[PDB]
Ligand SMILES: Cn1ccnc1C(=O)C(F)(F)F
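Starting off, we have a lone chain in the form solved without the ligand, written out as structure tokens.
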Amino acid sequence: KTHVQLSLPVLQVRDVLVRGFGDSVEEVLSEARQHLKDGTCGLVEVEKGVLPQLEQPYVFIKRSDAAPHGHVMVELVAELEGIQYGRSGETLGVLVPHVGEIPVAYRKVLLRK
């Protein structure tokens, strides 16, 4: 399937144990996609002071369209030293590995895979 319905655990930035997916734009997009498939991917909602507490490169989910079955259609955009790899809509948040942190909420997304 080109799209996959996911429910992403929303994590508080200060709870996150593994603060990024790796060391290159290509690695973090690779790792993010694998964690999304394996159900081991969390979402941090971006506000003032969040991104400096996470590791670059960042992986964002961004709205790709204006929402089947409650699931917002999203795609992945990476960012390193202020350059983004991809073009998409509004940021829903930054992706991180999920290693058992307790979420505050779930974000239903339809991931372009």
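Start at 1 and count along the sequence shown; that's the residue number.
Just so it is clear, the following notes concern the form solved in complex with the ligand, a form of the same protein that is not shown.
Visitor: Please determine whether residue 112 contacts the ligand in the bound PDB entry, using a 4.5 Å cut-off between heavy atoms.
Guide: Heavy-atom contact with the ligand at 4.5 Å: present for residue 112.
Visitor: Would you classify residue 62 as touching the ligand in the bound PDB entry, given a 4.5 Å non-hydrogen atom cut-off?
Guide: Result no; residue 62 lies far from the ligand in the bound PDB entry.
Visitor: So in the bound PDB entry, does any heavy atom of residue 36 sit within 4.5 Å of the ligand?
Guide: Judged by the heavy-atom cut-off of 4.5 Å, residue 36 is in contact with the ligand in the bound PDB entry.
Visitor: Across 1-26, which residues bring a heavy atom to within 4.5 Å of the ligand in the bound PDB entry?
Guide: Read in sequence order, the lone residue that approaches the ligand (within 4.5 Å, in the bound PDB entry) is 4.
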